[PDB]
Asks: 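Please read through the structure below; I'll follow up with questions.
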Amino acid sequence: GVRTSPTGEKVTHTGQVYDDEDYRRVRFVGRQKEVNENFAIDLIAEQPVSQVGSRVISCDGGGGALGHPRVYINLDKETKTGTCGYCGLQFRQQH
Amino acid sequence: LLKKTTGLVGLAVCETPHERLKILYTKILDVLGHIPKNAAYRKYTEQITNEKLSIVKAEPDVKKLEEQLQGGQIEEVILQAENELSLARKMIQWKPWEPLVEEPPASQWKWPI
Amino acid sequence: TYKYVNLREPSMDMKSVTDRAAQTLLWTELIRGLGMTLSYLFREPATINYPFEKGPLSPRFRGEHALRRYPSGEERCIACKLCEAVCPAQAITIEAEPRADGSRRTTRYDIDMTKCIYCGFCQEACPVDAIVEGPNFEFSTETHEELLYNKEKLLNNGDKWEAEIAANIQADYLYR
Amino acid sequence: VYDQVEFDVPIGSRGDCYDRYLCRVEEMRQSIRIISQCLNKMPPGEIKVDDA
Amino acid sequence: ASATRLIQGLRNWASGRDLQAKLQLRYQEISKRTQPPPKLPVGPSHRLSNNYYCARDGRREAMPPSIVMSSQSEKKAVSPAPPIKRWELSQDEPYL
Amino acid sequence: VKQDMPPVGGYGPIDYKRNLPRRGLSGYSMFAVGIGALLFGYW
Amino acid sequence: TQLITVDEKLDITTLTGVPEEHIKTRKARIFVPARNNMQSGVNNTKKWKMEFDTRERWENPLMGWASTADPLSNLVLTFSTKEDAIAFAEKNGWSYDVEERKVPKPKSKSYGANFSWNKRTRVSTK
Amino acid sequence: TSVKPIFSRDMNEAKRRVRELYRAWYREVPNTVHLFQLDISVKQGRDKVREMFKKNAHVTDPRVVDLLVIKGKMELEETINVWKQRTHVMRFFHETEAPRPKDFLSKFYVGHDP
Amino acid sequence: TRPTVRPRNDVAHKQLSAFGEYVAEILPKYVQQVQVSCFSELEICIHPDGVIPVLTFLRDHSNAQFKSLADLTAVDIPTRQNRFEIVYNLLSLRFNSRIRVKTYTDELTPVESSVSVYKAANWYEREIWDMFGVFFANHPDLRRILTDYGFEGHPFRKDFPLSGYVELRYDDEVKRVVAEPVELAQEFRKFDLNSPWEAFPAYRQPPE
Amino acid sequence: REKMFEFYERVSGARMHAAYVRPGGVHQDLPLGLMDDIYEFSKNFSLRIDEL
Ligand code: SF4
Ligand code: SF4
Ligand SMILES: [Zn+2]
């Protein structure tokens, strides 16, 4: 979900864009500002919330030893989902 | 048997090794007599030089003398005798049996700091 | 337990003396050298046809850096700065903050590719396989600052080479 | 594990460039000998010390 | 390997060596670029009992060095070790 | 376990000595061929 | 004799190759660094440290990196006592300021004080 | 306060060595300007030698000025034998460096340095 | 403590302790300490007036024969008043052994050059002049060996900064490589890594 | 020498500066088929020394 300043410059997933009166836009004159158009904050929002029947879930990001350190997430709050701290996949107790 | 070469470059074959070792050992002891008797250098060097001189006097063969002097070739045993003689002639002038000239400071050899 | 190189006393019978003199006058070892050079003239050379043929690499190869993603689009870097604590060149500069959903993510992930010694301590220190040192080695630039990668360039290298990087990690990760 | 490999030590005789050349070539020979002994006597097991 | 036998014989005559038995170009004798996955073993401390770290703590058995002399009879003269044993000439190939 | 190991009998023998194969004639034969070439040329 | 008598102050500022600006404008700070209150270990409070005053760090126009012009911005020296650090600062012509070592004063700890009969020092829970 | 000297027993032998080193530099300067083909005059280089000798004029320790004489002989040896290039000789003349602010007000204007 | 712990060599420890007593009692005029490490390396800490009489002893004595100077080293320890620690590493090929001869100086006291004992020292202590500033008296050719020709300061001193004080660049105005005061586009980032918990209780120093 | 740099690259990932032998052991275990290729190198390398 890349957006654009009034200067025409693309805003990154950080939120970085130069000011209009900043001289350092001259480095992109005749060249391009390389941004990545796959924003991870939007791509993890696209993932569905996993309904599990347990009270404590374990996440390793998939792949076993190719993901992250395995963590255990508590699902006793019903207002909030249980979000993994590494991969951002969020879980919910189904009851 | 007239060993053809010593194997070490610059170290030539000694034709008469026994008499050379005897002369160097007696000259070491004659120089070493000028050191005071309480010095440990004189006691230790007299001890090892008397051992080497008795081993030289106890063996006519060159190669058996090489195996029981335990110093390799006989010519590097001769070279070590020359080095010990030069050392003892320097130890007379240095006089290192004297007490320690200066104590180090209080944390001079304290590691880690 | 040792051997004497060059301690051969030569023979002085007329056979060996005439052999050495024929070697001197008729240049036997020089024709032996010409024969060895002529032997390599008729061998197939070892030259590969670069750029069309490529030198063989292993999946452990340490080339261009890339920040990876999980198989959902979420980036693997959780801003923990182990790759810049371990970095022997101090080539990695990291600044972080919680982003808009509360995830521990970087805002600055710089690698100076002209400080980097390409030793791969960052990919082996990374707890979540975020920074890797991929298989690209043909990335020479015309300007010095094009080798000063920010997070956008490294995430683009990840998106560019993930189909290869994931397979190399798949081939190697049981040695790690 | 160099006490468990068997190899020879080339010793020159004249102290020149040529004996040092022959020593380096024979050390390539003896390195091939040690590499054969390392390939035949390679044990199984771990590769880091098991002190984490 | 694709050399015809005339050039192959000329090459073996010029070198003086049978070159085809030991080619310096590599062919299908070498290992596959795709290998099966390994199963690497664990070390000796991967045990669930009698594995207390105080019985295998190498760094904490390092002591400070023993100060032999500090400035706060007819004993034998010593050397730093026994003298080195004379090396034996090679049984394999002494060049003798 | 599965690990890079030598095979069950180990590997084959590896040559490591000097092999300079001593080719060519004797010195007597080389001077014989040379003097015979000279005599054929002179005739 | 073989020993001369130098009753002058020990000063080696002409021999260290340090320019004048980084001798006579710097303020060395000789101090025992405080314990990080994130932690309870005290092994970083054991030695004296000499650092210098911080100079300007600015933004790199290309990357945003911390550009400096202070060569002494990373120089931290370790000393066993205060007087060794003072002697090393005076030897190099560094004007210094010294902060005294702040050891914690000893406490009075009683586990039974948590359960007193008439004193306010009871714990309301445990 | 009984220390082992380097060469000089007191300051008089020390000043003698300083003086002979100054003589050697003073004689060497025209040769240095010629064979390095420096773009300074001989008088300018001799003023630089006088400056480098007056910079260390505040020292009263014989060992410290003995080391200054030793390092000056080392610099002279690197000068006479052509071991320095033209660049190493001209590094005494800080010519690409802009002049530094000296008074309070210009140092206030440029930055934070005292 | 078999698999992961280094095996202790008690035989070499006893032999090196005995030879350290031997050297300490032959040369009591200069030997200040004798110590043996737990990995069996003998250090003979001597007085700096006895650099030549000790080293000529160990090189020439028939029970020592330290004919090889492996390495010569200085160590800057600024918390000592004699901050420089000159370290000789010696190899006896006859007795298959190594010894370490340690001594000390400050910036202003000269150490006697050991080229009269080991000509190998000719560059090493010269490097000690270049990197640390220790002067060596009666040296054949004492000058710099590793630094640039106009280099001010001794770099391996611990009060010398990591980057120097100057840096070079080519300048096309004067058509010359020039030196300027050092400015770094990125500063070296200093990492305070030391844990506040005691790592080795055997090396604990007693408090005040 | 190029083939031995291929050995280094197979075992560490770099051809020259491997950072492979570390305090504690080596960094990573030998990949499969590496020792077979070391044997195939060593089987031929004496002839290379011979023609040198
Ligand atoms: S790349 Fe890996 S090691 Fe570096 S900060 Fe990100 S998660 Fe941590
Ligand atoms: S490969 Fe090494 S030098 Fe390069 S970024 Fe990674 S840790 Fe730093
Ligand atoms: Zn997860």
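Ligands are counted one by one from 1 in listed order, and the atoms in each one are counted from 1 as well. Below, chains carry the letters A, B, ... as their sequence lines are ordered, and counting in each starts from 1. In what follows, every heavy atom counts, from backbone to side chain, and hydrogens, waters and symmetry copies are set aside.
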Asks: In ligand 2, which numbered atoms sit nearer than 4.0 Å to a non-hydrogen atom of C:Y118?
Replies: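 Ligand 2 atoms under the 4.0 Å threshold to C:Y118: 1 (S), 4 (Fe).
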
Asks: Can you list the atoms of ligand 1 that are under 4.0 Å from a heavy atom of C:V128?
Replies: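 Under 4.0 Å from C:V128, ligand 1 has these atoms: 7 (S).
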
Asks: Does C:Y70 have its ring centroid less than 6.0 Å away from the ring centroid of A:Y86?
Replies: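 No, ring centres 6.0 Å or more apart.
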
Asks: What protein heavy atom sits nearest atom 2 (Fe) of ligand 2, and how far away is it?
Replies: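 In this structure, atom 2 (Fe) of ligand 2 has C:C119 SG, 3.0 Å as its nearest protein heavy atom.
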
Asks: Can you spot which of C:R69, C:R68, C:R105 makes a salt bridge (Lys or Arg N to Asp or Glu O under 4.0 Å) with C:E74?
Replies: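 For C:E74, the salt bridge (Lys or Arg N to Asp or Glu O under 4.0 Å) test succeeds with only one of C:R69, C:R68, C:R105, which is C:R105.
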
Asks: Listed by chain and number, what are the salt bridge (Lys or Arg N to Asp or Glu O under 4.0 Å) partners of I:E127, not counting sequence neighbours?
Replies: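 If we apply the salt bridge (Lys or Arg N to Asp or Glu O under 4.0 Å) test to I:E127, skipping adjacent residues, there are no hits.
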
Asks: For C:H65, state whether at least one heavy atom is located under 4.0 Å from any atom of ligand 2.
Replies: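 Per 4.0 Å heavy-atom rule, C:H65 contacts ligand 2.
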
Asks: Identify each donor-acceptor pair in which a side-chain atom of residues 31-40 of chain E lies under 3.5 Å from a protein atom, sequence neighbours left out, and give them as a table.
Replies:
unit_1, atom_1, unit_2, atom_2, d
E:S31, OG, J:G33, O, 2.7
E:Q35, NE2, E:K32, O, 2.8

Asks: Which protein N, O or S atoms does atom 4 (Fe) of ligand 1 have within a distance shorter than 2.8 Å?
Replies: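 N, O, S partners closer than 2.8 Å: C:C83 SG.
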
Asks: What atoms of ligand 2 come within less than 4.0 Å of a heavy atom belonging to C:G120?
Replies: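 Those atoms are 1 (S), 2 (Fe).
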
Asks: Is it the case that the side chain of G:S73 and the backbone of G:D70 share a donor-acceptor pair, with hydrogens and angles ignored and the cut-off at 3.5 Å?
Replies: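 Yes; at least one donor-acceptor contact below 3.5 Å.
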
Asks: Less than 6.0 Å separating the ring centroids of J:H17 and C:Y118?
Replies: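 So the answer is no for these two rings.
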
Asks: Distance from C:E64 atom CD to C:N136 atom CG, nearest 0.5 Å?
Replies: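 Separation between the atoms: 4.5 Å.
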
Asks: With heavy-atom distances below 4.0 Å as the criterion, list the atoms of ligand 2 near C:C116.
Replies: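 Those atoms are 1 (S), 3 (S), 4 (Fe), 5 (S).
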
Asks: Can you name the side chain to side chain contact (heavy atoms under 4.5 Å, CB included) partners of D:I35, sequence neighbours left out?
Replies: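 Partners of D:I35 by the side chain to side chain contact (heavy atoms under 4.5 Å, CB included) criterion, ordered by chain and then number, come out as D:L39, J:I38, J:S42.
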
Asks: Side chains of D:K48 and J:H27 only: does a donor on one sit below 3.5 Å from an acceptor on the other?
Replies: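 Not at all, the side chains of D:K48 and J:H27 share no donor-acceptor pair under 3.5 Å.
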
Asks: Please tell me whether C:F61 and C:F137 form a close aromatic pair, meaning their ring centres lie under 6.0 Å apart.
Replies: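 Here the rings of C:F137 and C:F61 have centres that are less than 6.0 Å from each other.
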
Asks: With heavy atoms of C:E133 as the reference, note each atom of ligand 2 found under 4.0 Å away.
Replies: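 Answer for ligand 2: 1 (S).
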
Asks: Starting from atom 8 (Fe) of ligand 2, locate the nearest protein heavy atom and write down its residue, its atom name and how far away it is, to 0.1 Å.
Replies: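 It is C:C87 SG, 2.3 Å.
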
Asks: Can you tell which of C:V86, C:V132, C:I111, C:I117 gets a heavy atom nearest to atom 3 (S) of ligand 2?
Replies: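 Going through C:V86, C:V132, C:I111, C:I117 one by one, C:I117 has the nearest heavy atom to atom 3 (S) of ligand 2.
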
